[PDB]
Structures are given as C-alpha cells and as structure tokens.
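Which chain is which? The protein sequence lines are A and B, in order. In this text, residue positions in the first sequence follow PDB author numbering: the first is 246, and each later residue adds one. In this text, residue positions in the second sequence follow PDB author numbering: the first is 470, and each later residue adds one. All C-beta atoms, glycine included, are put in the ideal place defined by N, C-alpha and C. Accompanying notes for the structure given below.
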Amino acid sequence: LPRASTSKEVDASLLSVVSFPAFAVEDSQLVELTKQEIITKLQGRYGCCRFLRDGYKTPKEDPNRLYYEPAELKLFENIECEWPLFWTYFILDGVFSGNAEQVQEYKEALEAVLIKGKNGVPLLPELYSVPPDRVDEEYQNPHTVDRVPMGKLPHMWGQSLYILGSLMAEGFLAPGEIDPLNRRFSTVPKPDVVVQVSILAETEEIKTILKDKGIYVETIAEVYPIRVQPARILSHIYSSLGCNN
Amino acid sequence: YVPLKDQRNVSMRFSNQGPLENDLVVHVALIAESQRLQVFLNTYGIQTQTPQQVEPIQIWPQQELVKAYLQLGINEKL
C-alpha cells in the first residue's frame with residue numbers, strides 16, 4: 246500500500262484507487278498516511294506531479310528521441326511540470342464521504358489555475374511547463390518560478406471529472422445514486438464469524454475407535470443423500486463454465 | 470360491450486392471462502426495522518434491509534394518504 250511499486254517511492258495515481266472510483270482499501274489509517282504522504286511530497290503551486298524524476302515535456306531530453314539514456318543525474322530533478330488531475334480528484338474525494346471545508350479550499354485553489362476560452366467556459370490545461378531560461382533558480386528555490394501552459398488542453402477526462410464533482414457538490418445528485426451497490430461502506434468493521442466443522446469416519450473400525458474415547462461420528466455411509474469427493478473433481482467441473490464451440 | 474375474443478387486455482374488467490385463468494404473481498418487499506434485528510436475521514441466513522438504507526425511498530403509514538385525500542376536493546365558493 247505505501248509504495249506504488251518497487252521502483253517508485255510514491256505515485257499520485259494511488260489516489261484513484263483510494264477515492265471515488267473502485268473503493269478497495271481497509272485500515273483507514275493507511276488511507277490517511279498515504280494521503281498525507283502524497284500531500285507532503287507531491288504538492289506544488291498550481292498542481293502536483295505524477296512521480297519524482299519524470300521528464301515529460303521538458304526543455305531537455307531531446308523530445309524527438311525515446312529510450313532515455315542512463316544520464317538522469319540532475320537533468321530531471323525538481324522540474325516535473327504539473328498535473329491538475331490529482332487536484333480535481335481531491336474535491337470529489339472530500340465531497341464524497343463527509344468533508345466540506347476541504348472541498349471549498351480545493352475549489353478555491355482550482356479556480357485560480359483555470360483558463361477561460363471561447364464562449365467563456367471553464368477549461369482545464371494539461372500541464373504548466375517551466376520556462377527554458379529560468380532553470381537554475383528552481384534548483385536553488387524549488388516551487389518558486391512561475392510556469393506557462395504547454396501541450397494540448399482539450400482534456401476530456403479532467404473536465405468531465407470536474408463537471409461531475411461540481412454537479413455533485415451542487416446537491417442535485419446524492420452519493421447513493423452514483424453507486425447503487427453501496428461501495429462507500431468498506432470501512433465498517435466486521436466483528437467475527439463462527440466456523441462449523443463436521444467429523445466423519447472412513448469405515449466402521451474408525452467409528453468404533455472414536456466412540457471408544459467418547460467421540461460420536463457417522464461413517465461415510467448412512468448419509469446417502471450427501472456425497473463427498475476431493476476438490477480436483479470440483480475444479481474439473483468448474484473447467485466447463487462459459488464454453489462455446 | 471366487448472366480444473368474447475377481444476376480452477384479453479381490458480383494464481378493470483379482465484386480466485391479461487384470460488378470463489378462465491388466474492396465475493398472477495405478486496411482488497413482496499421485505500424491510501427490517503432495527504439493525505440488531507437485521508443482523509440477527511442475517512446470522513440465520515434471512516436477508517432483510519434496514520429502513521435507513523432506502524434513503525431515496527420513503528415509507529409512510531396509512532394516515533398520511535388519508536389526510537392527503539382529505540385535502541382534495543375543497544371549494545370555497547360553495
């Protein structure tokens with residue numbers, strides 16, 4: 246849970262797993278820990294980065310060339326551009342369960358980074374690139390130099406997520422309608438479960454031996470309506486589900 | 470007036486299954502009353518749902534409908 250993989254210390258893509266889509270997590274302390282780690286490590290000025298040491302859309306790396314040479318000493322340090330998608334995930338995550346002040350704070354933060362286009366409608370840029378000239382200053386003063394938009398910005402994913410979050414926050418829709426399967430109650434503890442065990446005798450001698458010591462069981466016979474076989478037969482039977490010629 | 474062959478899907482007079490047929494299937498909705506009773510029933514395999522888990526839907530007694538019907542048909546001039 247704490248680490249996305251064995252090579253990346255932390256990834257902002259873990260938010261989606263531990264937010265609105267596909268709630269699959271337990272031990273909410275882990276949720277709080279990973280949220281705090283992401284906030285402390287990846288937060289920036291106009292967004293957050295996917296992971297440390299990524300060179301996408303950089304004034305270096307010779308973009309017309311792939312298969313990064315093993316020369317990542319400092320050429321991709323503290324210059325990860327930005328990604329407001331993790332910002333637009335936070336408002337939905339807060340507004341889902343019980344948070345309100347975080348929702349207002351994140352909405353206020355996000356409204357400042359917006360760009361107004363044709364017909365005056367919200368538009369979400371993909372990323373903000375560092376200027377090619379002011380690179381040395383960022384190495385000594387990280388998260389201080391202003392950035393400019395770069396790349397495509399008809400981002401349907403982020404725009405759709407922001408629209409859905411705004412519509413949900415407006416109160417027109419309830420959280421119980423988006424998920425009819427009730428997947429928002431995965432943090433409720435389960436007390437315990439009682440286990441039932443049945444004991445059988447292989448033949449009459451075994452039954453006699455167990456009844457000698459005071460253990461009462463029934464043999465394989467006498468339960469004719471019920472049959473017992475090993476599990477490999479069950480696996481072979483299950484090997485026929487969903488077959489088409 | 471309806472002929473014998475036509476009386477198959479008429480409202481308030483005959484059923485869809487036909488005049489000489491009665492095989493209606495009736496739906497029932499099962500709802501619990503308390504969480505403790507719900508979990509006690511679930512322990513034995515009986516599935517029931519608490520009234521707090523049907524938030525979009527509402528369950529009201531029979532007096533509210535009577536009051537609402539009483540509200541209808543009031544005229545002040547006469």
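N- and C-terminal bounds of the alpha helix (DSSP H) containing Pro370 of chain A: Here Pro370 of chain A belongs to no alpha helix (DSSP H), and DSSP marks it neither H nor E.
Cβ pair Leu318 of chain A, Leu275 of chain A closer than 7 Å: no
C-beta contact flag for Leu499 of chain B and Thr517 of chain B at 7 Å: yes
First through last residue of the alpha helix (DSSP H) which encompasses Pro420 of chain A: 420 to 423
Contact belief for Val348 of chain A with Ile336 of chain A at Cβ below 8 Å, rounded distance in angstroms: 6 Å
The alpha helix (DSSP H) enclosing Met401 of chain A, as first and last residue numbers: 401 to 414
Assumed close pair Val358 of chain A, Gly292 of chain A - CB separation to whole angstroms, cut-off 8 Å: 7 Å
Other residues of its chain near residue 191 of chain A: CB distance less than 8 Å, five sequence neighbours each side excluded: One cannot answer for residue 191 of chain A here, as it falls past the ends of chain A, which runs 246 to 490.
Contact under 7 Å by Cβ, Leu260 of chain A with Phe331 of chain A: yes
Contact under 7 Å by Cβ, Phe417 of chain A with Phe341 of chain A: no
Chain-ordered neighbours of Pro525 of chain B on chain A, where CB pairs are closer than 8 Å: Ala419, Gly421, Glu422
Cβ neighbour criterion (16 or more within 10 Å) applied to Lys435 of chain A: exposed
Delimiting residues of the alpha helix (DSSP H) encompassing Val433 of chain A: Neither: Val433 of chain A is in no alpha helix (DSSP H) and is coded neither H nor E.
CA-to-CA distance, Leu479 of chain A to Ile444 of chain A, given in whole angstroms: 21 Å
Which residues DSSP lists as bridging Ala446 of chain A, in chain order: A:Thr464
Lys286 of chain A versus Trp529 of chain B: straight-line alpha-carbon distance, rounded: 52 Å
Residue from A:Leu368, A:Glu422, A:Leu406 whose Cα sits closest to the Cα of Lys397 of chain A: A:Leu368
Nonlocal neighbours in the same chain, by C-beta distance under 7 Å from residue 621 of chain B, ignoring five residues either side: Since the first residue shown for chain B is 470 and the last is 547, residue 621 of chain B is missing from the structure and cannot be characterised.
Assigned exposure category for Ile284 of chain A - 16 Cβ within 10 Å defines buried: exposed
DSSP three-state assignment for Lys253 of chain A, whether helix, strand or coil: coil
Span of the alpha helix (DSSP H), counted from its first residue to its last, around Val471 of chain B: No alpha helix (DSSP H) holds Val471 of chain B; DSSP gives it neither H nor E.
Pair within 7 Å by beta-carbon distance, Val255 of chain A and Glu282 of chain A: yes
Coarse secondary structure for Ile283 of chain A, derived from DSSP in three states: helix
Bridge partners - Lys361 of chain A, DSSP secondary structure assignment: A:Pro367
Cross-strand partners of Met395 of chain A (DSSP beta bridge): A:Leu372
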